[PDB]
Amino acid sequence: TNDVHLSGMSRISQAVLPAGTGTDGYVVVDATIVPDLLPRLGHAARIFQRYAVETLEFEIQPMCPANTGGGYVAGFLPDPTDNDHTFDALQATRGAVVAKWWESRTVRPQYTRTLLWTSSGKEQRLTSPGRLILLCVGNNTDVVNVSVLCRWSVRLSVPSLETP
Amino acid sequence: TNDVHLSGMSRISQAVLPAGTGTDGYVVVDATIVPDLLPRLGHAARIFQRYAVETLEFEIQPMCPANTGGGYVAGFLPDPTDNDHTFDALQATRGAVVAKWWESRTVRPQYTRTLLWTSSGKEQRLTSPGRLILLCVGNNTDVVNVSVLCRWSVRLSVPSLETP
Amino acid sequence: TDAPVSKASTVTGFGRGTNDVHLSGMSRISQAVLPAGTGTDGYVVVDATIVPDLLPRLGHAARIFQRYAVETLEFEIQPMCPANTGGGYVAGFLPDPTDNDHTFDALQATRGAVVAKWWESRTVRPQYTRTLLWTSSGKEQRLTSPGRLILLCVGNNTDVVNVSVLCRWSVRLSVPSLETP
Amino acid sequence: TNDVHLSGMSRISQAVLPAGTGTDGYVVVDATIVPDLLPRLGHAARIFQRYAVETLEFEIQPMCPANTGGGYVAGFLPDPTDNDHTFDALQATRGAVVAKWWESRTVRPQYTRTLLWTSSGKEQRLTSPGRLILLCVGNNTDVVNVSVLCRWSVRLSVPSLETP
Amino acid sequence: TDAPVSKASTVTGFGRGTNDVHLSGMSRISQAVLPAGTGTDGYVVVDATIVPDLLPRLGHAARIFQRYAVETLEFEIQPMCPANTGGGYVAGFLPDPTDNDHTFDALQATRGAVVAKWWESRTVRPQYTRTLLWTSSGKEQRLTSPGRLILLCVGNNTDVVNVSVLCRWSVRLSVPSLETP
Ligand SMILES: [Ca+2]
Ligand SMILES: [Ca+2]
Ligand SMILES: [Ca+2]
Ligand SMILES: [Ca+2]
Ligand SMILES: [Ca+2]
Numbered sequence: 052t053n054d055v056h057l058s059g060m061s062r063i064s065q066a067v068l069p070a071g072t073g074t075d076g077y078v079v080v081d082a083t084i085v086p087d088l089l090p091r092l093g094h095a096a097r098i099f100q101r102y103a104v105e106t107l108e109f110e111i112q113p114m115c116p117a118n119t120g121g122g123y124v125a126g127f128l129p130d131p132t133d134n135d136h137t138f139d140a141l142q143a144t145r146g147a148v149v150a151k152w153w154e155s156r157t158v159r160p161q162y163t164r165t166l167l168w169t170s171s172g173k174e175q176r177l178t179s180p181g182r183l184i185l186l187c188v189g190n191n192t193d194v195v196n197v198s199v200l201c202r203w204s205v206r207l208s209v210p211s212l213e214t215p
Numbered sequence: 052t053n054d055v056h057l058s059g060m061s062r063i064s065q066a067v068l069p070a071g072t073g074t075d076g077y078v079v080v081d082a083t084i085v086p087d088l089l090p091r092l093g094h095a096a097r098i099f100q101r102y103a104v105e106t107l108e109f110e111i112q113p114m115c116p117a118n119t120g121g122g123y124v125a126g127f128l129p130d131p132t133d134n135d136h137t138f139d140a141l142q143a144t145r146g147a148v149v150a151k152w153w154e155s156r157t158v159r160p161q162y163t164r165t166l167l168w169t170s171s172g173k174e175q176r177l178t179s180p181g182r183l184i185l186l187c188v189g190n191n192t193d194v195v196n197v198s199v200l201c202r203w204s205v206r207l208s209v210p211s212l213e214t215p
Numbered sequence: 035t036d037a038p039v040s041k042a043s044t045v046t047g048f049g050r051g052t053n054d055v056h057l058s059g060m061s062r063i064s065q066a067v068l069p070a071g072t073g074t075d076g077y078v079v080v081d082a083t084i085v086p087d088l089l090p091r092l093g094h095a096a097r098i099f100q101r102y103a104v105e106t107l108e109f110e111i112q113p114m115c116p117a118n119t120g121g122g123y124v125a126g127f128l129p130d131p132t133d134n135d136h137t138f139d140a141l142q143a144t145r146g147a148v149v150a151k152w153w154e155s156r157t158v159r160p161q162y163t164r165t166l167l168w169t170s171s172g173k174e175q176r177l178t179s180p181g182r183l184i185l186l187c188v189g190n191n192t193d194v195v196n197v198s199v200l201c202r203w204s205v206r207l208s209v210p211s212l213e214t215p
Numbered sequence: 052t053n054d055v056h057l058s059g060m061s062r063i064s065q066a067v068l069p070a071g072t073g074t075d076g077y078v079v080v081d082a083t084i085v086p087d088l089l090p091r092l093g094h095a096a097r098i099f100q101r102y103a104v105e106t107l108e109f110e111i112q113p114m115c116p117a118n119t120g121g122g123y124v125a126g127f128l129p130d131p132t133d134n135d136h137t138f139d140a141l142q143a144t145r146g147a148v149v150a151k152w153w154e155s156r157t158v159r160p161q162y163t164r165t166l167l168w169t170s171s172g173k174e175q176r177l178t179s180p181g182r183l184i185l186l187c188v189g190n191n192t193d194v195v196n197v198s199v200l201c202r203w204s205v206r207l208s209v210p211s212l213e214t215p
Numbered sequence: 035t036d037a038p039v040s041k042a043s044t045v046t047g048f049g050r051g052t053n054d055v056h057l058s059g060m061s062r063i064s065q066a067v068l069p070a071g072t073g074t075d076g077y078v079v080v081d082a083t084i085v086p087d088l089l090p091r092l093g094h095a096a097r098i099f100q101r102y103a104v105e106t107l108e109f110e111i112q113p114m115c116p117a118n119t120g121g122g123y124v125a126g127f128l129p130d131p132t133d134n135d136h137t138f139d140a141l142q143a144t145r146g147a148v149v150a151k152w153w154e155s156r157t158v159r160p161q162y163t164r165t166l167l168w169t170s171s172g173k174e175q176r177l178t179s180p181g182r183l184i185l186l187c188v189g190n191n192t193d194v195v196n197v198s199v200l201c202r203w204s205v206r207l208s209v210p211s212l213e214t215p
C-alpha cells in the first residue's frame with residue numbers, strides 16, 4: 052500500500068541546567084513529541100498526511116562531572132494537553148524513571164497506537180502521541196548538560212506534500 | 052494488557068424542583084456525561100487517560116407523591132457540543148422517554164464506542180459520549196426530588212495520574 | 035483523434051438524483067395548556083392542518099421534493115393531567131383541509147374519531163388520501179394536505195389540563211426538486 | 052528493512068515559450084532527472100542516501116490553442132553526462148515522441164534500475180537515471196505554456212539527513 | 035470524417051531502433067619495435083587501456099550506443115623476432131583501469147598472465163567484468179573500460195624485437211543512442 056515504515060534516533064532536546072538551580076520540580080526538558088522535533092521524521096512528515104507511532108523509547112543521556120550530587124526523573128505523558136509538571140504525574144505514567152545525574156536511563160512509555168496527523172492543528176491530541184517531561188529531583192552541585200535522545204518507529208500513510 | 056473493565060450504578064444528578072416552578076421547557080438536569088460526574092468512575096479516570104463506554108443505561112427515580120401533577124421527559128444527545136435544550140432535540144433522539152413525575156423510566160441511549168479521553172480538551176467530542184437532558188413537561192404541583200442513576204460499564208487504558 | 039473547432043460536452047450524470055425516500059418518524063404537532071374552567075363545550079383545543087411544514091423533520095425533506103404521498107398516518111392524544119379531573123375530550127381527523135366546521139358531531143361523523151375523559155389517552159387511526167400530494171403550497175390546499183386534526187373539550191374541565199398531540203407520519207417523497215420558500 | 056517505496060506525479064518543469072521565439076532546435080526543457088527536481092521525491096531524498104528508479108514515465112501537457120502552429124519533440128537520454136541537445140539524440144533514443152503543440156504525449160524511456168545516490172558527486176552517472184530534453188520542432192505561432200509531469204516510482208534506502 | 039481545427043499527428047514508429055548487436059572481431063591494439071639492448075627489466079613495452087575507441091571497428095559501433103558489455107575478451111601476444119634472441123616478456127591484464135603500477139609482480143598476480151621467451155607466442159585469457167559499461171568517457175574511467183593490458187620485458191633483449199598485441203573482443207552493445215565525440 053502507501054504505508055512506509057521508518058525508524059531512527061533523534062535528539063529532541065538538549066539543555067544546560069546551571070549549577071545550583073536544580074531545585075525539585077523544576078522542568079528541564081518539557082517537549083511535545085510532534086514530527087517536527089525529529090529531523091528525519093520532520094522531513095518524512097512533509098511528504099505524508101497521517102502517521103502512527105509503532106514504537107517510541109526515550110533515552111536520558113546526562114553529561115556531568117562525577118561530583119554532581121543531583122538526580123532526575125523522566126516520563127512521557129500520553130496527553131499533549133496535560134500541563135501538570137509534578138513528580139507524581141510523571142511517576143504514575145508507564146516507563147517513568149528516576150536516576151542520578153551520572154546514569155543514563157531508558158523510558159519505555161505506553162504510546163497510543165492510533166493513526167494521528169502529521170500536520171499541526173487546533174487539537175493536539177490528534178497530532179502528538181504525547182509529551183516528555185524531565186524534572187531535576189535533587190539539587191546539582193555542577194552544571195549538567197542533559198540530552199534526551201528518542202527512538203521512534205512511525206508508519207506514515209496517505210501520501211501528500213505539505214508546508215511548514 | 053491495560054484493559055481495566057469497570058461497571059456499576061452511580062447517581063449523576065440529584066435535583067430538587069420546587070413546587071409551582073415547573074414551567075414547560077424548564078431544564079432540570081443538563082449534564083455532560085464525563086467520567087468525573089460518576090463517583091466511582093471519577094476516581095477510576097483520575098488514574099487513567101483513555102476510556103471507552105461499553106454499556107450506558109440511565110434510569111430515573113423521582114421521589115414524588117403518586118398524586119402529583121406533571122411529567123418529565125429525558126433524552127441523551129450523542130453530541131456533547133449541542134446546546135439545544137428543547138423538547139425537539141429529545142423527541143428527535145433515540146431512546147428518549149416521557150412519563151409522569153412518579154414513574155421510573157430507563158433512557159437506553161445511542162452512544163459512541165470509540166476511545167475517548169478522561170481529561171478536558173478544546174472539543175468535548177473526544178472527552179464525553181454525549182449529554183443527558185431532563186425537561187419538565189407540564190407544570191409540577193408538589194415538590195419534585197429527581198435522581199438520575201447511571202448504569203455505566205467502561206474500559207479504561209493508558210495508566211496515568213491526573214489532577215482535576 | 036483530430037482537433038475539432040469545439041469539442042463536445044461530456045456532462046453525463048446530470049439530473050439523475052434519487053426519486054424515492056421513505057422518510058418516517060413521530061413528532062408533536064400541538065401542545066396546549068387549558069386553564070381550569072375554560073374547557074367549555076365546543077372550545078377548540080387543537081386545530082392543526084397536517085402539512086409537511088407542520089412536521090419539523092418532514093419540512094426540510096419536502097423542501098427538496100415536489101410530491102409526497104402519506105403512506106401511514108396515526109395520532110396519539112396524550113393528556114398529562116391527573117386522574118381527578120372531570121370533563122371529556124374528542125379528537126378527530128377531517129379529511130378536507132378547507133372544512134372549517136368545529137362541532138362535536140362533525141368529528142364524531144368521521145372514521146377513527148375518539149371520545150374519552152381527560153385522564154385517559156387515545157389513538158386516532160384516521161382515513162386519509164393515499165394519492166400523491168404536492169409538497170409546496172398553492173391556490174387550493176386540497177392538493178397539499180391530507181386533512182386537519184381537531185381536538186375539542188366535550189365537557190367543562192375542572193383542573194388545568196396539559197394535552198399533547200403526537201403524530202406518527204410515514205410519507206414517500208418523490209419527483210426530486212429544490213423547492214424554495 | 053529500509054525499502055521505502057514511493058510513487059506519484061510531479062511537474063519537473065513549467066516553461067513559457069514566447070510567441071515567435073520558436074526557432075528550430077531551440078531547447079525548451081533540458082533537465083537532469085535528480086530527485087531534487089521532483090517536489091515530493093525531493094523531500095523524500097533529503098532524508099535518504101540511495102534511491103533506485105522502478106517506474107519512470109514522463110507526460111507532457113502543453114496548454115496551447117488548438118490552432119497554434121508548431122510542434123514539440125521529447126526524449127530521455129539515459130546518460131546524464133551527454134550534452135548533445137539536438138534532434139539527432141532524441142530521434143536516436145528509445146521512447147522519444149514528436150507531436151503538435153496542442154497534443155499530450157507520454158515519453159516512456161529506457162532508464163537504469165541500479166541503486167543511485169541522492170546527492171551530488173564528481174560524476175552524474177551514479178546520481179541520476181538520465182536527462183530529459185524537449186525541443187521546439189518548427190516555429191511557434193502563439194505563446195506556449197508547456198508542463199512536463201513525471202510519473203515516478205522509486206525505492207529509497209540508507210536513511211540519512213542531507214542538506215542541499 | 036469531419037474537418038477538425040488541427041489533425042492529430044501520425045508519427046508511429048519513432049524511437050524504436052534495435053537495442054542489441056553482438057559485434058565481434060579481432061584487432062591489433064599495439065605494435066612495438068624494441069631496439070636491441072633497450073629491453074631492460076621493467077621497461078613497459080605495451081600499456082594499453084581497453085576502450086571502445088582503441089578498438090577500431092568497435093569505436094564507430096559504440097558511437098551509436100550508450101552501454102556495452104564485454105562478453106568475450108582474449109589477447110594473443112605474437113612476437114616476430116627470430117629464435118636466436120635472448121630475454122623474456124610478461125603479459126597481463128589488470129582489471130582496474132585506474133591502476134598505474136607497472137611491475138612484474140603486479141602482472142604475475144593477476145589471473146591469466148603469461149611469461150615467455152621472446153621467440154614464443156602466448157595467449158592471455160584474462161578475468162574481466164561482465165557488467166554493462168558505458169561507451170562514452172566520464173569522470174571515472176572504471177565505468178568505461180574493463181581493464182588495461184600491460185606487456186613488459188622480463189629480461190634484457192639481445193636483438194631487435196617486433197612484438198604485436200592482438201585482441202579478440204566480443205561485445206554486446208545496447209541502449210541505442212547517437213553519442214558524439
Ligand atoms: Ca495536514
Ligand atoms: Ca489527559
Ligand atoms: Ca412545488
Ligand atoms: Ca550523500
Ligand atoms: Ca554516453
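Protein chains in written order, with the deposited numbering: chain A, 52 to 215; chain B, 52 to 215; chain C, 35 to 215; chain B', 52 to 215; chain C', 35 to 215. A prime marks a further copy of an entry chain. The beta carbon of each residue, even a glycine, is placed where N, CA and C say it ideally should be.
- Task: Can you pull the chain C' residues whose beta carbon is under 9 Å from the beta carbon of residue 37(C), in chain order?
- Result: Those within 9 Å of residue 37(C) in chain C' are 38, 39, 40, 41 and 42.
- Item | Contacts around residue 176(A), its chain only, beta-carbon distance under 8 Å, and the 5 residues preceding and following it disregarded | The answer, listed in chain order, is 130, 131 and 132.
- Item | Runs of beta strand (DSSP E) wholly within the segment 117 to 183 of chain B' (minimum 3 residues, chain order) | Note on the segment 117 to 183 of chain B': whole beta strand (DSSP E) runs with a minimum of 3 residues are 122 to 128 and 148 to 151, in chain order.
- Using only the heavy atoms of ligand 3, determine whether one of them is closer than 7 Å to the beta carbon of residue 174(C). Residue 174(C): no, Cβ never under 7 Å from ligand 3.
- Query: How big is the Cα-Cα spacing for residue 71(B') and residue 99(C)?
  - Reply: Taking the straight line from one Cα to the other gives about 58 Å.
- Task: Between the Cα of residue 77(C') and those of 191(C'), 173(C') and 201(C'), spot the shortest distance and give me the residue it belongs to.
- Result: Closest by alpha carbon: 191(C').
- Write down every uninterrupted run of the alpha helix (DSSP H) in the segment 40 to 106 of chain C whose length is 4 residues or greater and which is fully enclosed by it, in chain order. Entirely contained in the segment 40 to 106 of chain C, the alpha helix (DSSP H) runs reaching 4 residues are, in chain order, 90 to 97.
- Note down, in chain order, every chain B residue with its Cβ under 8 Å from the Cβ of residue 174(A). Near residue 174(A) (Cβ distances below 8 Å), the residues of chain B are 172, 173, 174 and 177.
- Query: Hey, is residue 169(C) close to ligand 3, as in C-beta under 7 Å from one of its heavy atoms?
  - Reply: Yes - ligand 3 has a heavy atom lying nearer than 7 Å to the Cβ of residue 169(C).
- Whole-angstrom distance between residue 206(B') and residue 119(B'), CA atom to CA atom: When rounded, the distance between both Cα atoms is 40 Å.
- Task: Check whether the Cβ of residue 213(A) lies closer than 7 Å to any heavy atom of ligand 1, and answer yes or no.
- Result: Flag set: Cβ of residue 213(A) near ligand 1.
- Message: Are the CB atoms of residue 103(C) and residue 167(C) within a distance shorter than 8 Å?
- Response: The answer is yes: Cβ separation under 8 Å.
- Whose CA, out of 81(B'), 82(B'), 111(B') and 188(B'), lies closest to the CA of residue 202(B')? When the alpha-carbon of residue 202(B') is set against those of 81(B'), 82(B'), 111(B') and 188(B'), the nearest one is in 111(B').
- Message: Any heavy atom of ligand 3 inside 7 Å of the beta-carbon of residue 100(C)?
- Response: Yes; taking the cut-off as 7 Å, the Cβ of residue 100(C) has a heavy atom of ligand 3 nearer than that.
- Item | Where residue 209(B') falls, given that 16 or more other Cβ within 10 Å makes a residue buried | By the neighbour-count rule (16 or more Cβ atoms within 10 Å), residue 209(B') is not buried but exposed.
- Task: Report the three-state DSSP secondary structure of residue 188(C') (helix, strand or coil).
- Result: Residue 188(C') falls in the coil class under three-state DSSP.
- Message: Taking the alpha carbon of residue 198(A) as the reference point, which residue from 109(A), 97(A), 148(A) and 121(A) has its own alpha carbon closest?
- Response: Selected option, being the one with the closest Cα: 109(A).
- Can you name the residues of chain A whose CB is closer than 7 Å to the CB of residue 98(B')? Near residue 98(B') (Cβ distances below 7 Å), the residues of chain A are 91, 94 and 95.
- Please determine, among 125(C), 196(C) and 91(C), the residue with the shortest C-alpha to C-alpha distance to residue 137(C). Ranking the options by Cα distance to residue 137(C), first place goes to 125(C).
- Contact set between residue 209(B) and chain A, taken where Cβ atoms lie within less than 7 Å: Contact of residue 209(B) with chain A by beta-carbon distance below 7 Å involves 129, 161 and 163.
- Item | N- and C-terminal bounds of the beta strand (DSSP E) containing residue 207(A) | Per DSSP, residue 207(A) belongs to the beta strand (DSSP E) from 195 to 208.
- the segment 79 to 87 of chain B contacting the segment 179 to 195 of chain B, beta-carbon criterion three pairs below 8 Å: Three or more Cβ pairs drawn from the segment 79 to 87 of chain B and the segment 179 to 195 of chain B lie within less than 8 Å of each other, which places the two stretches in contact.
- Query: Of all the CB atoms in chain C, is at least one closer than 8 Å to the CB of residue 153(B')?
  - Reply: Judged by the 8 Å Cβ criterion, residue 153(B') is in contact with chain C.
- Task: Determine the chain B' residues that contact residue 50(C') at a beta-carbon separation under 8 Å, and present them in chain order.
- Result: Chain B' residues near residue 50(C'): 145.
- Message: Is the separation between the beta-carbon of residue 163(B) and that of residue 172(B) shorter than 8 Å?
- Response: Result no, Cβ atoms of residue 163(B) and residue 172(B) do not sit closer than 8 Å.
- Going straight from the alpha carbon of residue 86(C) to that of residue 56(C), what length do you get? Per the coordinates, the alpha-carbon of residue 86(C) lies some 14 Å from the alpha-carbon of residue 56(C).
- State yes or no: is the beta carbon of residue 62(C) nearer than 8 Å to at least one beta carbon in chain B? The beta-carbon of residue 62(C) is placed less than 8 Å from the nearest beta-carbon of chain B.
- For residue 212(B'), decide whether its Cβ has a neighbour in chain A, counting only Cβ atoms nearer than 8 Å. Closer than 8 Å: yes.
- Task: Would you mind working out which of 151(B), 75(B), 144(B) and 58(B) sits nearest residue 89(B), comparing C-alpha positions?
- Result: Closest option to residue 89(B), Cα to Cα, is 58(B).
- Using a beta-carbon distance below 8 Å, is residue 168(B) in contact with chain A? Yes - at least one Cβ of chain A is within 8 Å of the one on residue 168(B).
- Provide the residue(s) that pair with residue 37(C) in DSSP beta bridges, ordered along the chain. Under the DSSP definition of a beta bridge, residue 37(C) partners with 40(C').
- Task: With DSSP collapsed to three states, give me the class of residue 112(A).
- Result: The three-state secondary structure of residue 112(A), taken from DSSP, is coil.
- Item | Proximity test, Cβ basis, 8 Å: residue 116(C) and chain B | Answer yes: the Cβ-Cβ gap between residue 116(C) and chain B drops below 8 Å somewhere.
- Message: Between the alpha carbons of residue 140(C') and residue 148(C'), how many angstroms are there, rounded?
- Response: About 12 Å.
- Task: Can you pull the chain B' residues whose beta carbon is under 9 Å from the beta carbon of residue 45(C'), in chain order?
- Result: The answer, in chain order, is 148, 149 and 150.
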